[PDB]
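Down below is the structure, laid out as structure tokens.
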Amino acid sequence: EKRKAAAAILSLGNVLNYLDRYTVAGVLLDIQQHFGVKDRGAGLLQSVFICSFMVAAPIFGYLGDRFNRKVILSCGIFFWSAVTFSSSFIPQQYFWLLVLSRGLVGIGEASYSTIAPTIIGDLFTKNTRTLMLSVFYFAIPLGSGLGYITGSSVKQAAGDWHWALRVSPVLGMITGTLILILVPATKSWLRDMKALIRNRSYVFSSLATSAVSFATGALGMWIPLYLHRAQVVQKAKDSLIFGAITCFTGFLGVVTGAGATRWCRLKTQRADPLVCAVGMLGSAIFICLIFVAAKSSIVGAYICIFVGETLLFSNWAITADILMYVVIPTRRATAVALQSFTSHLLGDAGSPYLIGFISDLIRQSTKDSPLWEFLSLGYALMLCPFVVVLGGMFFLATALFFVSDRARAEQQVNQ
Ligand SMILES: CCCCCCCCCCc1ccc(-c2noc(CCCN)n2)cc1
């Protein structure tokens with residue numbers, strides 16, 4: 001009877017996790033205008049966070065099997081809450097300290113988002129554990145959008161950008177306490193790596209997920225600032241609209257992907273990768289349309305964001321099924337760990353920084369002006385459709401081997 005509460009508390013903790021992760025982004029314009037840093041600064045913020053997360057994920061996965069998971073989970077929560085709160089008081093002179101703060105929050109968030117799912121899965125039974133793991137990943141995008149919403153609302157209400165970073169730890173501490181109280185104290189991989197690299201459909205799926213992570217990171221970091229620059233040159237609320245859009249489109253896209261796969265599985269055996277490919281094509285088209293619409297009317301830009309976003313997440317969420325079907329269950333843990341690590345390394349661990357770099361390089365080659373700021377950010381973000389198209393081609397390559405590797409996987413698991 002206690003398990004039904006601990007799952008809810010871990011889900012709320014995850015909501016708060018993503019809330020902080022993206023409230024550092026919903027307030028980006030004020031951070032720049034205060035610290036005086038260029039686009040590469042914000043790129044550095046988000047890329048340092050992700051590069052810390054993707055390196056601290058396998059470590060805290062190792063320390064999860066050896067020592068007890070509850071105390072390390074709560075230590076992680078308290079750590080990233082306290083570090084966010086303590087970085088909310090950084091002077092206008094020090095920016096590297098705010099970046100180091102984002103790095104330490106990355107470590108503290110890796111601990112949680114890596115160790116919590118194991119406890120969720122162990123607290124329940126098969127059907128109910130699947131239900132609860134579904135609630136957890138439903139709580140993911142909710143917090144992902146609440147990030148922008150809370151950041152913008154709090155910044156506007158208090159008139160300062162520090163408050164967006166102040167208001168979350170007061171819930172972080174409460175959740176850490178509740179997890180120390182409620183959650184019960186529940187009790188050679190190189191060969192696997194060589195075999196998985198020998199695999200083909202899994203490798204193409206890994207590169208496709210890496211492309212999706214690239215596009216997701218770059219967009220989710222720079223879209224509010226891009227839209228604000230558009231509104232400025234088109235002579236606050238924009239991040240709020242985008243937060244509502246994403247908080248809806250997460251669920252909407254996972255449901256659309258589920259419907260498409262359940263509809264197409266009967267027509268072709270290589271359905272799921274073709275579903276991901278057509279979703280990638282549509283998302284690339286609508287993302288390319290975002291920027292050409294932003295120059296005229298922002299409502300069309302929002303429509304394009306919503307459509308491209310629901311076509312973007314639909315394909316990535318069902319990649320975990322390809323991974324489970326192709327990998328024999330004896331190496332699934334290492335397969336998913338390697339896939340997450342690679343999708344970060346190639347994806348959103350260098351994507352916000354890369355877009356900041358391109359924006360800076362295009363701006364410095366022309367006269368600085370809000371018009372040119374907006375055009376430079378647009379041209380730099382236009383690199384996202386290219387990576388989305390590459391992910392689509394890699395999903396096609398995945399389809400060209402899905403049946404064969406699934407057959408071999410069934411053969412190996414049957415014996
Ligand atoms: C534009 C920047 C926005 C930033 C969004 C960042 C996170 C997006 C979340 C998308 C998502 C949703 C669900 C799942 C999932 N995993 O397992 C299951 C259970 C399977 C039951 N059929 N659902 C995974 C990923």
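Here's how to read the names in the structure tokens: chain A, B, ... by the order shown, residue numbers from 1 in each chain, ligand numbers from 1 in the order shown.
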
Counting only C-alpha atoms and all ligand atoms, what residues are within 10 Å of ligand 1, given as a PyMOL selection string?
chain A and resi 18+21-22+130-145+147+213+215-223+242-243+245-247+249-255+257-258+305-306+308-310+312-321

Show which residues sit within 7 Å of region 78-84 of chain A, as a ChimeraX atom specification. Count only C-alpha atoms, and ignore same-chain residues fewer than 5 positions away.
/A:101,104-105,108-109,165,169,172-173,176

Limited to N, CA, C and O atoms, could you put the picked residues into a file as a PDB file, in the first residue's frame?
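Saved as selection_13.pdb:
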```
ATOM      1  N   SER A 101      27.695  25.868 -12.013  1.00  0.00           N
ATOM      2  CA  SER A 101      26.436  25.531 -11.367  1.00  0.00           C
ATOM      3  C   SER A 101      25.584  24.629 -12.239  1.00  0.00           C
ATOM      4  O   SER A 101      25.015  23.652 -11.745  1.00  0.00           O
ATOM      5  N   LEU A 104      27.051  21.108 -12.075  1.00  0.00           N
ATOM      6  CA  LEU A 104      26.742  20.375 -10.852  1.00  0.00           C
ATOM      7  C   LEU A 104      25.271  19.987 -10.789  1.00  0.00           C
ATOM      8  O   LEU A 104      24.939  18.899 -10.304  1.00  0.00           O
ATOM      9  N   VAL A 105      24.378  20.848 -11.280  1.00  0.00           N
ATOM     10  CA  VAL A 105      22.979  20.453 -11.388  1.00  0.00           C
ATOM     11  C   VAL A 105      22.838  19.304 -12.369  1.00  0.00           C
ATOM     12  O   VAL A 105      21.983  18.434 -12.194  1.00  0.00           O
ATOM     13  N   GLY A 108      23.706  16.217 -10.354  1.00  0.00           N
ATOM     14  CA  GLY A 108      22.641  15.926  -9.414  1.00  0.00           C
ATOM     15  C   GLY A 108      21.375  15.431 -10.078  1.00  0.00           C
ATOM     16  O   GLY A 108      20.619  14.664  -9.480  1.00  0.00           O
ATOM     17  N   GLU A 109      21.117  15.861 -11.309  1.00  0.00           N
ATOM     18  CA  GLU A 109      19.959  15.387 -12.048  1.00  0.00           C
ATOM     19  C   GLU A 109      20.203  14.043 -12.703  1.00  0.00           C
ATOM     20  O   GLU A 109      19.259  13.266 -12.873  1.00  0.00           O
ATOM     21  N   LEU A 165      15.040  31.055 -10.892  1.00  0.00           N
ATOM     22  CA  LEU A 165      15.958  30.096 -10.301  1.00  0.00           C
ATOM     23  C   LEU A 165      15.806  29.985  -8.792  1.00  0.00           C
ATOM     24  O   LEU A 165      16.347  29.049  -8.200  1.00  0.00           O
ATOM     25  N   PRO A 169      13.813  25.418  -5.748  1.00  0.00           N
ATOM     26  CA  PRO A 169      14.369  24.654  -4.620  1.00  0.00           C
ATOM     27  C   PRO A 169      13.466  24.573  -3.400  1.00  0.00           C
ATOM     28  O   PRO A 169      13.626  23.638  -2.605  1.00  0.00           O
ATOM     29  N   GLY A 172      12.078  21.559  -4.199  1.00  0.00           N
ATOM     30  CA  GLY A 172      13.098  20.523  -4.232  1.00  0.00           C
ATOM     31  C   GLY A 172      13.391  19.951  -2.860  1.00  0.00           C
ATOM     32  O   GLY A 172      13.498  18.735  -2.687  1.00  0.00           O
ATOM     33  N   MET A 173      13.516  20.825  -1.862  1.00  0.00           N
ATOM     34  CA  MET A 173      13.784  20.361  -0.504  1.00  0.00           C
ATOM     35  C   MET A 173      12.631  19.516   0.026  1.00  0.00           C
ATOM     36  O   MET A 173      12.850  18.480   0.669  1.00  0.00           O
ATOM     37  N   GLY A 176      12.757  16.127  -1.574  1.00  0.00           N
ATOM     38  CA  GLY A 176      13.833  15.340  -0.996  1.00  0.00           C
ATOM     39  C   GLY A 176      13.460  14.766   0.356  1.00  0.00           C
ATOM     40  O   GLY A 176      13.715  13.591   0.638  1.00  0.00           O
TER      41      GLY A 176
END
```

Within 10 Å of region 185-202 of chain A, counting only C-alpha atoms, which residues show up once you throw out same-chain ones fewer than 5 positions away? Write them as a ChimeraX atom specification, please.
/A:65,67-71,119,122-123,180,207-208,273,319,322-327,330-335,338-339,394-406

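All residues of protein, DNA or RNA that reach within 8 Å of residue 115 (chain A), judged by only C-alpha atoms and not counting those fewer than 4 positions away in the chain, are residues 60, 61, 64, 69, 73, 111 and 119 of chain A.
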
As a VMD selection string, please: every residue in region 335-383 of chain A that a backbone DSSP assignment puts in helix (DSSP H, G or I).
chain A and resid 335 to 348 351 to 364 370 to 381 383

Find the nearest atom pair between each residue of region 33-143 of chain A and region 376-382 of chain A for residues within 12 Å, count only C-alpha atoms, give distances in Å to one decimal, sort rows by chain and ascending number, and present the table as a tab-separated table.
```
residue	atom	partner	partner_atom	distance
A:38	CA	A:377	CA	11.7
A:39	CA	A:377	CA	9.0
A:40	CA	A:377	CA	11.6
```

Residue selection dump (C-alpha atoms) as a PDB file, in the first residue's frame:
```pdb
ATOM      1  CA  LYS A  38      26.818  36.272 -26.655  1.00  0.00           C
ATOM      2  CA  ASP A  39      24.866  33.265 -27.934  1.00  0.00           C
ATOM      3  CA  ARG A  40      27.820  30.974 -27.233  1.00  0.00           C
TER       4      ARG A  40
END
```
